[PDB]
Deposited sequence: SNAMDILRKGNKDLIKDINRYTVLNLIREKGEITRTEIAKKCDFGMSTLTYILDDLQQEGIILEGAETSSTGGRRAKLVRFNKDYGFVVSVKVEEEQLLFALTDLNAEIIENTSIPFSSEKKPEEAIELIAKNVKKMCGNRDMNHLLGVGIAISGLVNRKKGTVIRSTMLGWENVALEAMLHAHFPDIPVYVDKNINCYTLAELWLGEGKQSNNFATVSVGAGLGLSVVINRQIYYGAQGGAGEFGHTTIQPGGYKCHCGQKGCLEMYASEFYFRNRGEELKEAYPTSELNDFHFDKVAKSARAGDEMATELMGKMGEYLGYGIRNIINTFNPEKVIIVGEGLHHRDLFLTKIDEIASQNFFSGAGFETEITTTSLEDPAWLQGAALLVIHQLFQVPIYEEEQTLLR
């Protein structure tokens, strides 16, 4: 009995019951306010790799009980009954959906750095901020399944507009979003600047090259990530905080900064430290997660 994990960006993957990626694909497609069509390309590619279930990791708010995507501000999705829209293509196959950061966390819980820690917090640095908090090997969902919305905490009251409708969100300061938000006000202050594409890799690239504007952007993004992690430390008081995500590719330009600040937390004054590490798994562990999503519920 095998499983197929899905991830919406689209990423597919065939795995056995140990979450091992046997065969993945990477279909190029944009799902900006396009859910009815996106599901048809999925169900298509899903049957192509061929199955006890399908797991779907995605960016947004989600109600796992009904399997509904309550809200994806990235993709602009409002109340899409994804768990039901797939029974049109696979009636009796159990389908489950979850927050991508909680899918990755399942991966850490069973392959990565969960084999020791029974209670920690995972934070995703990348194109936006994610958080997932484990308690006795259990992901915390809160009352309505929505806990962990840490990227929309206000780090700068009166700050940058955020896709959520609010201002000053952490995600606008402590991720790739920052670069866009702040790179414009830094165009005229840095006229002869190399940089012009404000994505992580481009900014990362210009910054190792010594380009001031990129050096500023990546410096500040770190500070704010340090704040965000320190807010997590002062709030949850976890044994450890694991940083993950495609941002780690450019770790050299932030992890140590993140540490300067986060280490300077409330509880450190009493000798007891809080390990801040990085993920042992690889980028394909988001898919092993979504796969695990179905596997755990089954057993």
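K.L.:
Counting from 1 along the deposited sequence, which stretches lack C-alpha positions?
P.N.:
Seq positions lacking coordinates: 1 to 85, 95 to 97, 139 to 145, 395 to 407.
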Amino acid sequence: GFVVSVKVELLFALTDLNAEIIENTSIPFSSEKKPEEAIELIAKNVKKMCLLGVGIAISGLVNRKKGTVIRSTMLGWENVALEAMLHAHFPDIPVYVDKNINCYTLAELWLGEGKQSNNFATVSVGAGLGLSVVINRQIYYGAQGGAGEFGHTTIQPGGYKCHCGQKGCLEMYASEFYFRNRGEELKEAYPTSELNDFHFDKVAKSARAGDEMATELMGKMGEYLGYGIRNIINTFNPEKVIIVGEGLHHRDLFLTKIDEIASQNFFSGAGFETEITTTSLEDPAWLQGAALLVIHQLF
From here on, numbers count along this sequence of modelled residues.
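K.L.:
If you take the mean CA temperature factor per stretch, which one wins between 21 to 29 and 278 to 286?
P.N.:
Higher of the two, by average CA B-factor, is 21 to 29.
K.L.:
Comparing average C-alpha B factors as deposited, tell me which of 181 to 189 and 126 to 134 sits higher.
P.N.:
Comparing 181 to 189 with 126 to 134, the higher average CA B-factor belongs to 181 to 189.
K.L.:
Compare the CA B factors listed in the entry for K44, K240, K257, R251 and report the winner.
P.N.:
Out of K44, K240, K257, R251, the record gives the largest C-alpha B-factor to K44.
K.L.:
Among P157, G228, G222, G76, single out the one with the highest C-alpha B factor in the record, please.
P.N.:
Each of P157, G228, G222, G76 was compared by C-alpha B-factor; the highest is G76.
K.L.:
Which third, lowest, middle or highest, does the CA B-factor of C50 fall in along this chain?
P.N.:
It belongs to the highest third of the chain when residues are ordered by C-alpha B-factor.
K.L.:
Within this chain, which third does the Cα B-factor at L82 fall in: lowest, middle or highest?
P.N.:
Ranked within chain, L82 CA B lands in the highest tercile.
K.L.:
Which third, lowest, middle or highest, does the C-alpha temperature factor of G148 belong to within its own chain?
P.N.:
Tercile = lowest for this residue's CA B-factor.
K.L.:
Grab the CA temperature factor for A57 from the record and place it in the lowest, middle or highest third of its chain.
P.N.:
For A57, the deposited C-alpha B-factor lands in the middle third.
K.L.:
Looking at the entry's B-factor column for C-alpha atoms only, identify whether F198 ranks in the lowest, middle or highest third of its chain.
P.N.:
Its C-alpha B-factor belongs to the middle third of this chain's values.
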